[PDB]
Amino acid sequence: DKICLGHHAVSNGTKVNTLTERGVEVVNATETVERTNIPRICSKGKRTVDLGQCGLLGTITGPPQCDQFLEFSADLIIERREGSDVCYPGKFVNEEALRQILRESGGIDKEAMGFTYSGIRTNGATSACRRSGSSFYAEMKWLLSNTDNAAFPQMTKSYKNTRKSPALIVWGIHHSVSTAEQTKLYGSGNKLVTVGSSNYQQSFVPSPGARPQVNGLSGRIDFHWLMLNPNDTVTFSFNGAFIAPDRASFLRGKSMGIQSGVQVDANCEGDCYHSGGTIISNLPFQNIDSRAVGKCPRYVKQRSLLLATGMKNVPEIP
């Protein structure tokens, strides 16, 4: 009579690694590194905007592309590669910092700054910002002299942020193709635009000169921005070449922004994103994208790390 103690085993053994062995077979193992990607932006439960052709910075200045998003609200903001912050050629100064701010803003609330002008044109428009006909940035005013080559009067406009949150303020400096064109618009003489706050001080001069044609135009409007503290004031002293703001921006709350090239899905629910889609996983690691954002498993170099979920597999003696 005999009794034997034993343990189970399989012919279906899977190899894992240990401190000592490499490729030791165990009965059962599971994967710890996620590679399974969902090629969509899972937006269920999250208020989502797909800016598309509207650049994120364009939501503040307001080219035609961003007219739908001038006061948008969101939990999840999606940037698209075709997006543009610009109609009339130019670029923001400190653009990326500003993007990072707007990505977690939860959207923007606009407020009129209440500037009034005299002895001056404000209907500055261009063929590049076509909205029905030739137009301009929706939140901005392109100031001219009055007739042509006429003198542009020195002005001083101020604005106080009477709210409890910081105010996003944006103005533009216009760079003409020539001093001839600059004179034709704002009159002769050197042009200066000074911007004063109570924790900010800067100065701006136009740089007229020939540049490659973008959208058929050689002129450039480069935007600048600051955050105005509550009860603090901004002052704009200028005499031409100035792109004045009409409204200020206020951040709504909290959000998250991503860059993607894949469609949206309001049925799938996710919390970790990358440009190629959404990562939904209980696994601690992933090998899809190092730049994934949101709440994500850690990125690793290895495509696979098997965790033994069973004992060492020792085949039966036949």
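All residue numbers are counted from 1 along the displayed sequence.
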Checklist line | 259 to 267 or 279 to 287, whichever carries the higher mean Cα B-factor | finding: 259 to 267
Checklist line | Comparing 300 to 308 with 15 to 23, the one whose average Cα B-factor in the PDB entry is higher | finding: 15 to 23
Notebook entry, point to check: Can you tell me which of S176, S105, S84, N199 has the highest Cα temperature factor in the record?
Noted result: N199
Check: Which of these has the highest Cα B-factor in the record: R99, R131, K110, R80?
Finding: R131
Next item on the list: Would you mind ranking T36 by its C-alpha B-factor against the rest of the chain and naming the third, lowest, middle or highest?
Entry: highest
Checklist line | Record-listed C-alpha B factor of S43: chain third | finding: highest
Next item on the list: Relative to the other modelled residues of the same chain, rank the CA B-factor of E95 and answer lowest, middle or highest third.
Entry: lowest
Next item on the list: Would you please rank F152 by its C-alpha temperature factor against the other modelled residues of its chain and give the third it falls in: lowest, middle or highest?
Entry: highest
Next item on the list: Ordered by C-alpha B-factor within the chain, which third holds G219? Give me lowest, middle or highest, please.
Entry: middle
